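Visitor: Take a look and give me a structure for this.
(chains A and B, ligands or ions: 9)
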2 protein chains.
Amino acid sequence: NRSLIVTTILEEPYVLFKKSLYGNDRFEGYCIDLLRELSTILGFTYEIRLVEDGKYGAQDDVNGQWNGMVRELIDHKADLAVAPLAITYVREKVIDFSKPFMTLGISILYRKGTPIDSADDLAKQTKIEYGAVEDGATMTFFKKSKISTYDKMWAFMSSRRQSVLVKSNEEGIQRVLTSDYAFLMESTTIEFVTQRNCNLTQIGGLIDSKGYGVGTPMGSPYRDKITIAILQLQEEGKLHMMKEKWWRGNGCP
Amino acid sequence: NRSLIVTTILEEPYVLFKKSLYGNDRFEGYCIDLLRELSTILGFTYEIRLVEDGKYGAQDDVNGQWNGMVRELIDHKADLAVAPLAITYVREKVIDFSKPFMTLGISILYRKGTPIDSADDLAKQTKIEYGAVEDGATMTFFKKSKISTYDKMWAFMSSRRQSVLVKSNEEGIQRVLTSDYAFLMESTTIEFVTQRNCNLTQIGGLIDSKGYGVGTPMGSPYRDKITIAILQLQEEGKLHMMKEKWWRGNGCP
Ligand SMILES: O=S1(=O)NCN(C2CC2)c2ccc(F)cc21
Ligand SMILES: O=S1(=O)NCN(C2CC2)c2ccc(F)cc21
Ligand SMILES: N[C@@H](CCC(=O)O)C(=O)O
Ligand SMILES: N[C@@H](CCC(=O)O)C(=O)O
Ligand SMILES: [Cl-]
Ligand SMILES: [Cl-]
Ligand SMILES: [Cl-]
Ligand code: NA
Ligand code: NA
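Guide: Numbering: from 1, shown residues only, chains lettered A, B, ... in the order given. Ligands and ions are numbered 1, 2, ... in the order given. See below for the structure:
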């Protein structure tokens, strides 16, 4: 039976290169553990392939082409995307997702001890720049929002796109550390970053409420199978333990 | 085009009889508002029908028959279940769910000011009885659990099933108020109850992590359409406002 092609992306602590290797043995992380569990529960073999363009996925406003892992699924170049891939309405129109394996919301990463306490605080000023990962779900949330605060924030990011939209979460984190910049990013990843770097904090609450799911091409029979496996891992307490395994850090004052 | 048959159940603040009426105009609540929004977004007409047996749904261990709203969907007697219907692995094997419109977890409802602080505290004693809604998702969670604490709790409830499993959340709440009883119930409904009755509180944290979704017969084309509509309502901020509309209460000290 055919080995499934699994697209994914480098993103700590979900997917990393092991430090030390060939094939699937090159990789470790939460999403690699989830994939292995799914493969033994459902009985498939698989080949992990990092997405060539290093992107999560968004639709181009000029020519309508998608990029990233979403494009890989639209083109049926991969069977599954096992990654921190956010479930969103624009994506469900073109690909399918399993039920979520982790909850998250957009929030703000910044330095500690400042007067900035919300997105509104950022929106009403320009001295502190702010942005998001290019061609990801956070960017697309702001681009499409009709909520006043977030529409104003998108107008700001779009006018400085070259400078404030970054290629990766790692680049956004480094920009917070090296410039007066607040980074719009997902709360799960904020939690990981802030337990390891005590200079950094979440600002405000969660701006939306969604989850990560395993992506498939639309209509794939694997979507329902993976859903059932994820729900069982959740109920058995195994998803919680997988999160505890990878969200570890010395902690901060 | 055919009007969709929608099964639901009486459960404050999701579905209630208006206090004052015919047809769909008899009903109000969060899930009635969600249904109306879905009907205008997707363009369908519908007829609300309360589930005849007053149950959410579980599978009988002797004859394998389901009951409740789940059975209505298995038999294709309803197009949709729009209700506080928990997504679970046993149910996804037999029906389909949209993506979730609300998150919840199992927790404990009890009186304030006591030494009971967790499920473990309940499991290690018998003077305080405890139970759950019969033939709902919480009951089925305990019945199937291999987690030591919850397996012990199921052994206790099953041996006193006649007395500690109740027909409705309302009956469980009243049992907390009139007897030395702790009620295993969903955190969303706990939040509503505890902002209105200052004698009551959540004990401990969330025991699992799941959500409510719109149920459909397996394979229905409405599942994906409803998912996309729910995701848009979430992103636009409308699901949050719908929750604020119905989770209102004078509050407590
Ligand atoms: O993106 S979803 O599938 N649908 C929206 N929700 C919000 C609870 C409405 C959530 C909440 C938690 C999730 F894990 C996933 C989702
Ligand atoms: O029942 S689900 O579709 N899958 C399990 N999860 C837990 C995050 C793993 C969640 C979390 C929040 C939801 F709203 C739904 C679900
Ligand atoms: N996880 C996001 C990428 C990171 C972000 O947008 O903050 C996605 O699925 O597109
Ligand atoms: N909402 C539950 C019923 C209440 C409960 O089990 O606590 C269900 O879908 O079965
Ligand atoms: Cl690769
Ligand atoms: Cl009725
Ligand atoms: Cl789904
Ligand atoms: Na889809
Ligand atoms: Na299903």
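Visitor: make it CA atoms for all contacts and neighbour counts henceforth
Guide: Will do.
Visitor: Next up, phi/psi of residue A:202, please.
Guide: Per-residue torsions, residue A:202: phi -80, psi 140 (degrees, to the nearest 10).
Visitor: now residue A:48
Guide: According to degrees, to the nearest 10, residue A:48 has phi -80, psi 130.
Visitor: now do residue A:197
Guide: The phi/psi pair for residue A:197 (degrees, to the nearest 10) reads phi -120, psi 110.
Visitor: what's the burial count for it?
Guide: Residue A:197 has 13 neighbouring residues, counting by other CA atoms under 10 Å in any protein chain shown.
Visitor: go on, residue A:84?
Guide: 28.
Visitor: Just give the closest residue to it, not the sequence neighbours.
Guide: With sequence-adjacent residues excluded and distances taken as CA to CA, 6 or more residues apart in numbering or on different chains, residue A:84 is closest to residue A:212, at 5.6 Å.
Visitor: The closest residue in space to residue A:205 that isn't next to it in sequence: neighbouring residues, count only.
Guide: The shortest distance from residue A:205 to any residue other than its chain neighbours is 6.3 Å, reached at residue A:107 (CA to CA, 6+ apart). Here the number of neighbours of residue A:107 (other CA under 10 Å) works out to 23.
Visitor: Show me the helices in the stretch 1-150 of chain A, by range?
Guide: Counting by DSSP state H, counting those that start in this stretch, one finds helices in the stretch 1-150 of chain A at the ranges A:30-42, A:68-74, A:89-92, A:119-123, A:137-144, A:148-159.
Visitor: you'd agree the residue nearest to residue A:205 is up against residue A:204?
Guide: Yes. With contact defined as CA atoms under 8 Å, residue A:107 reaches residue A:204; the gap is 7.0 Å.
Visitor: Format the CA atom coordinates belonging to stretch A:37-44 as CSV.
Guide: Taking C-alpha atoms only, stretch A:37-44 is exported to CSV below (Å, rounded to 0.1, in the frame of the first residue of the first chain):
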residue,chain,number,x,y,z
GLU,A,37,1.0,7.9,16.6
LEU,A,38,-1.4,8.4,13.8
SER,A,39,0.6,6.0,11.6
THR,A,40,0.5,3.2,14.1
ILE,A,41,-3.2,3.7,15.0
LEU,A,42,-4.3,3.9,11.4
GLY,A,43,-1.7,1.6,9.8
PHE,A,44,0.1,3.6,7.2
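Visitor: quick one: it near chain B?
Guide: No. Interface with chain B: stretch A:37-44 contributes nothing (CA under 8 Å from any CA of the partner chain), its closest point being 13.6 Å away.
Visitor: Just the residues contacting that stretch, thanks.
Guide: With contact meaning CA atoms under 8 Å, 6 or more residues apart in numbering or on different chains, stretch A:37-44 is reached by A:3, A:4, A:45, A:46, A:225, A:226, A:229, A:230.
Visitor: just checking, which of those residues belong to strands?
Guide: Using DSSP state E, the members of the contacts of stretch A:37-44 that fall within strands are A:4, A:46.
Visitor: closest to residue B:112 among the contacts of stretch A:37-44?
Guide: residue A:230 (35.5 Å; CA to CA).
Visitor: What are the neighbouring residues in contact with the residue lying closest to that closest one once chain neighbours are set aside?
Guide: Nearest residue to residue A:230, sequence neighbours excluded (CA to CA, 6+ apart): residue A:101, at 6.3 Å. Neighbouring residues of residue A:101 by CA under 8 Å, 6+ apart: A:211, A:212, A:213, A:230, A:231, A:234, A:239.
Visitor: same thing with residue A:130?
Guide: When contacts are counted by CA under 8 Å, 6+ apart, residue A:130 is found next to A:122, A:157, A:164, A:181, A:182, A:183, A:184.
Visitor: and if we set it to 7 Å?
Guide: A:164, A:181, A:182, A:183 (CA atoms under 7 Å, 6 or more residues apart in numbering or on different chains).
Visitor: For the closest residue to it other than its chain neighbours, grab phi and psi.
Guide: Excluding its sequence neighbours, the residue lying closest to residue A:130 (CA to CA, 6+ apart) is residue A:182, at 4.7 Å. The phi/psi pair for residue A:182 (degrees, to the nearest 10) reads phi -110, psi 140.
Visitor: my read: residue A:182 touches residue A:173, true?
Guide: No. Using CA atoms under 7 Å, residue A:182 makes no contact with residue A:173, being 8.8 Å away.
Visitor: What is the neighbour count of the residue of chain A found nearest ligand 6?
Guide: Residue of chain A nearest ligand 6, by CA to the ion: residue A:99 (30.4 Å). Residue A:99: 27 surrounding residues under other CA under 10 Å.
Visitor: Could you measure from the closest residue to it other than its chain neighbours over to residue A:216?
Guide: Nearest non-adjacent residue to residue A:99, counting by CA to CA, 6+ apart: residue A:227, 5.2 Å away. To residue A:216, residue A:227 is 11 Å away according to CA to CA, to the nearest Å.
Visitor: So for those two, which sits in the more crowded spot?
Guide: Between residue A:227 and residue A:216, residue A:216 has the larger neighbour count (other CA under 10 Å), namely 29 against 23.
Visitor: sec struct for that one, please.
Guide: Classification of residue A:216 by DSSP: H, G, I helix; E, B strand; the rest coil places it in strand.
Visitor: ok, it - contacts?
Guide: If you count contacts by CA under 7 Å, 6+ apart, residue A:216 has them with A:73, A:79, A:80, A:81, A:95, A:96, A:97, A:223.
Visitor: Residue A:135 touches residue A:57, doesn't it?
Guide: Yes. Between residue A:135 and residue A:57 there is a contact under CA under 7 Å: 5.4 Å.
Visitor: if we can go back for a sec, which one's more surrounded, residue A:182 and residue A:173?
Guide: Using other CA under 10 Å as the criterion, residue A:182 and residue A:173 rank with residue A:182 on top: 26 against 21.
Visitor: who are the neighbours in contact with that one?
Guide: With CA under 7 Å, 6+ apart, residue A:182 has these contacts: A:108, A:109, A:110, A:128, A:129, A:130, A:131, A:176.
Visitor: for residue A:1, same thing?
Guide: Taking CA under 7 Å, 6+ apart as the definition, residue A:1 has no contacts.
Visitor: any chance of the contacts of residue A:182 in CSV, plus distance to ligand 8?
Guide: Shown next, in CSV, are the contacts of residue A:182 (distance: CA to the ion, whole Å):
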residue, distance to ligand 8
A:108, 28
A:109, 30
A:110, 34
A:128, 37
A:129, 35
A:130, 31
A:131, 28
A:176, 35
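Visitor: Now, of the residues you listed, which are buried?
Guide: A:108, A:109, A:110, A:129, A:130, A:131, A:176 (16 or more other CA atoms under 10 Å in any protein chain shown).
Visitor: Dig out what the third one forms beta bridges with.
Guide: When bridges are assigned using DSSP bridges, the partners listed for residue A:110 are residue A:201.
Visitor: And for residue A:53, the neighbour number?
Guide: Look at residue A:53: counted by other CA under 10 Å, it has 11 neighbours.
Visitor: picking up where we left off before, and the residue nearest to residue A:84, what is it in contact with?
Guide: Applying CA under 7 Å, 6+ apart to residue A:212 gives the contacts A:84, A:85, A:86, A:87, A:100, A:101, A:102, A:103.
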